2 protein chains.
Amino acid sequence: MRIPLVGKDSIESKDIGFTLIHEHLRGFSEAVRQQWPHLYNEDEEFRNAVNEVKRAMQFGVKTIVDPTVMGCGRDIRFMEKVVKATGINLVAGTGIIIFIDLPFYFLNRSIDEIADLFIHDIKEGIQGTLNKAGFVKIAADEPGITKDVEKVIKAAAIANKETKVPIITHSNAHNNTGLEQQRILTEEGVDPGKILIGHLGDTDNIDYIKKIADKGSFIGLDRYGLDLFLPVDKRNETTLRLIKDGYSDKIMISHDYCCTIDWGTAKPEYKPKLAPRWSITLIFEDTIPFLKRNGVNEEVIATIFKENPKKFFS
Amino acid sequence: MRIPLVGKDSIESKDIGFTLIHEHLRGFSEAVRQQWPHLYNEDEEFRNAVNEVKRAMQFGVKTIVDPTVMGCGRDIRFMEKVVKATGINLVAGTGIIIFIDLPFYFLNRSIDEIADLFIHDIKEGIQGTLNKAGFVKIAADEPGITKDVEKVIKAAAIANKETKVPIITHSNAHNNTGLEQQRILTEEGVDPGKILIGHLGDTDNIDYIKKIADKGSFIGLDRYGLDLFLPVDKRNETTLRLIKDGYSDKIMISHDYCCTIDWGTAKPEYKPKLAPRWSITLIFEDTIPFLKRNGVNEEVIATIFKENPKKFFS
Ligand SMILES: [Co+2]
Ligand SMILES: [Co+2]
Ligand SMILES: [Fe+3]
Ligand SMILES: [Fe+3]
């Protein structure tokens with residue numbers, strides 16, 4: 001019974017079914033929400049999350065993997081309520097999202113101490129519940145591999161070696177952070193096939209993407225719907241090029257959709273094409289249809305959304 | 001009725017009495033505590049805070065100012081319970097402690113939006129209660145005045161100009177951050193006498209300290225008890241030198257004691273003199289007695305602990 005699920009008994013990885021590997025039921029900054037609760041509306045967040053999950057299930061999604069962790073407001077009790085309302089298979093994780101330095105708590109603390117937090121969540125449970133973490137999430141972005149970023153990467157390696165759960169990353173597609181994450185993890189003894197290097201869909205530098213896939217890790221053509229990083233069409237072109245080039249067995253596709261996020265809204269940009277609705281089902285309305293009529297068959301779709309997650313969690 | 005108090009009616013500034021201007025009932029990283037509650041024990045924190053406050057009151061402390069804000073785990077409900085248990089006058093504040101960048105929430109948000117959070121806490125109340133903030137707290141440290149640090153400083157200026165509450169700072173005594181905070185705030189129209197530049201007691205560069213006091217702001221000879229920054233004796237010498245040099249009317253003394261903090265414990269260092277017990281009453285056991293027998297009279301003590309806080313909040 002490999003994979004722990006929020007609010008359910010654990011399931012064998014072979015039964016994961018059609019999976020969205022990188023979605024967020026909700027995201028927020030823990031410190032801002034604790035200090036200024038007036039900014040938030042949990043009931044609206046809950047309604048939005050339930051609606052999106054139901055829509056995903058209507059398109060045949062069986063399992064959602066939610067890599068919300070420390071820094072983005074992971075709340076296992078909110079997740080379990082969404083499960084109760086929908087019946088979705090939901091995989092929660094553990095980890096830390098930082099781009100520069102760790103919080104003040106971590107002053108004078110070792111990599112082992114950080115790893116112990118992840119292992120606690122995997123083996124004992126999350127936030128005082130018996131819901132266990134099924135993967136580790138880590139990050140790097142524009143600042144690159146800082147001292148503290150490297151500490152978290154190495155802690156994730158320790159957690160993987162002890163518990164065998166896979167690792168999902170956040171990277172910046174325009175620097176080499178994804179490649180660096182992969183290298184540091186594999187040097188620490190992590191199987192490359194247990195790593196998903198995230199946010200690679202943000203670039204059309206296909207050689208960089210192929211380099212990571214060729215080293216053995218899954219490539220996250222996630223953020224489907226955020227044209228800020230790269231338009232859906234260019235993403236689609238990149239996705240289609242990778243498929244016709246033979247990389248289906250390394251491709252993971254998701255939206256990285258946040259049913260509710262607290263980030264300020266950026267300046268809008270309007271293109272000659274009307275922006276597709278970023279949602280947890282955009283790949284069913286745009287990407288998958290775009291793919292199909294470009295010649296890619298059902299077996300490729302099954303590889304990306306079923307076989308690849310199965311392997312990842314196997 | 002100038003100064004709001006946690007769990008009490010507001011008091012006139014003239015009735016503040018003997019005040020500890022910079023103490024923490026509790027500190028923690030919001031994100032770490034939300035994600036790994038197993039690391040914390042609120043009942044122990046509560047017992048420790050109540051014990052320390054009671055001991056302070058036995059030495060004649062009437063009012064404690066607690067500059068725990070976003071980044072250090074401000075919790076108004078915990079504070080109100082401590083008030084109920086002790087009867088202390090407790091002044092809570094608003095603000096943000098960052099050293100480099102703001103949390104992800106603040107992407108694409110203006111200085112005005114940040115100021116609005118502080119003004120909400122001052123005028124409406126803290127964390128969904130009717131307990132209001134009586135000052136703004138801001139920080140800068142080893143990284144200096146970063147873009148985001150400057151945004152928070154300017155937001156504090158807006159809050160002060162609108163509400164007239166004073167500003168307490170965290171600075172690094174070994175760079176010019178305190179001087180920079182003072183300059184930026186005064187350029188934005190903040191009265192220098194409404195600013196306390198914190199952590200200046202960490203240095204024995206008296207000329208730097210005098211420079212800040214001479215520009216009109218209070219000088220925080222806080223961290224009494226943390227020999228890491230500077231031994232008590234050297235602090236005492238610095239404090240005594242400043243007094244005999246005429247700076248009593250700018251000096252503010254506190255411990256910056258945290259009844260419970262979640263920071264990892266640093267490598268211990270042992271000096272020929274046994275380390276004095278860092279606590280909220282160390283100045284009653286060491287500093288004030290050290291001062292008195294060095295010739296400083298009761299009027300100086302009243303200036304530092306009564307008249308100066310009165311002015312600050314007037
Ligand atoms: Co990400
Ligand atoms: Co400080
Ligand atoms: Fe994400
Ligand atoms: Fe402090």
Side-chain angles (χ1 to χ4, degrees), chain A residues 27-40 68-77 94-110 113-114 116-118 120-121 124-129 133 139 141-143 146 148 258 261-268, chain B residues 27-40 68-77 94-110 113-114 116-118 120-121 124-129 133 139 141-143 146 148 258 261-268:
Chain A
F28 61 83
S29 296
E30 292 90 341
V32 178
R33 188 172 193 129
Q34 171 173 335
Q35 297 308 333
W36 294 290
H38 75 274
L39 297 171
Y40 298 84
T68 307
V69 299
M70 194 224 79
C72 289
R74 181 186 63 171
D75 181 335
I76 199 67
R77 292 168 177 74
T94 187
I96 292 172
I97 306 299
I98 56 153
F99 294 172
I100 304 178
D101 286 358
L102 282 163
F104 300 132
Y105 170 82
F106 292 96
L107 191 75
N108 303 131
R109 301 198 183 267
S110 70
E113 284 182 79
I114 303 170
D116 285 343
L117 302 176
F118 302 162
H120 172 100
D121 286 353
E124 299 183 54
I126 299 168
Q127 295 168 313
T129 77
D141 207 272
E142 185 274 339
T146 69
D148 280 3
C258 207
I261 193 65
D262 63 351
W263 300 357
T265 53
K267 169 267 188 178
Chain B
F28 61 83
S29 296
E30 292 90 341
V32 178
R33 188 172 193 129
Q34 171 173 335
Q35 297 308 333
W36 294 290
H38 75 274
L39 297 171
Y40 298 84
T68 307
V69 299
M70 194 224 79
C72 289
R74 181 186 63 171
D75 181 335
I76 199 67
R77 292 168 177 74
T94 187
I96 292 172
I97 306 299
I98 56 153
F99 294 172
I100 304 178
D101 286 358
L102 282 163
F104 300 132
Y105 170 82
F106 292 96
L107 191 75
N108 303 131
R109 301 198 183 267
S110 70
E113 284 182 79
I114 303 170
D116 285 343
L117 302 176
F118 302 162
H120 172 100
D121 286 353
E124 299 183 54
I126 299 168
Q127 295 168 313
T129 77
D141 207 272
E142 185 274 339
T146 69
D148 280 3
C258 207
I261 193 65
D262 63 351
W263 300 357
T265 53
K267 169 267 188 178

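Reminder, nothing fancy here: chain letters follow the sequence lines and each chain counts from 1. Keep in mind that the numbers below use all heavy atoms, side chains included, and drop hydrogens, waters and symmetry copies.
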Asks: Where does B:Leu117 contact chain A at under 4.5 Å (heavy atoms): side chain, backbone, both or neither?
Replies: both
Asks: Apply side-chain hydrogen bond (donor to acceptor under 3.5 Å, both in side chains) to A:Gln34 and list each qualifying residue two or more places apart in sequence or on a separate chain.
Replies: none
Asks: Can you see which heavy atom on A:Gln35 is nearest to which on B:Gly73, and at what distance?
Replies: NE2-C, 3.9 Å
Asks: Tell me, do A:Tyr105 and B:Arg33 make a side-chain contact under 4.5 Å, heavy atoms counted?
Replies: no
Asks: Which answer fits A:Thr94, side chain, backbone, both or neither, if we ask what part of it has an atom under 4.5 Å from a heavy atom of chain B?
Replies: side chain
Asks: Give, as side chain, backbone, both or neither, the part of A:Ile261 having an atom under 4.5 angstrom from any heavy atom of chain B.
Replies: neither
Asks: Return the CZ to CZ distance between B:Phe99 and A:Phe104, rounded to the nearest 0.5 Å.
Replies: 4.0 Å
Asks: What part of A:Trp263 is in contact with chain B, defined as an atom under 4.5 angstrom from a non-hydrogen atom: side chain, backbone, both or neither?
Replies: both
Asks: Looking only at heavy atoms, what is the nearest atom pair of B:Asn108 and A:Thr265, with distance?
Replies: CB-O, 4.0 Å
Asks: If you tally heavy-atom pairs under 4.5 Å against chain A, which of B:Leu102, B:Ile126, B:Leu39 wins?
Replies: B:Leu39
Asks: The criterion is side-chain hydrogen bond (donor to acceptor under 3.5 Å, both in side chains); which residues satisfy it with B:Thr129, sequence neighbours excluded?
Replies: B:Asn131
Asks: Looking only at heavy atoms, which two atoms of A:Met70 and B:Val32 are closest? And how far apart?
Replies: SD-CG2, 4.2 Å
Asks: Counting only non-hydrogen atoms closer than 4.5 Å, does B:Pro37 touch chain A with its backbone (N, CA, C, O), its side chain (CB onward), both, or neither?
Replies: side chain
Asks: Can you measure from CG (B:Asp262) to CZ (A:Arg109) and round to the nearest 0.5 angstrom?
Replies: 7.0 Å
Asks: At a heavy-atom distance under 4.5 Å, which candidate from B:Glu113, B:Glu124, B:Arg74 has the highest pair count against chain A?
Replies: B:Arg74
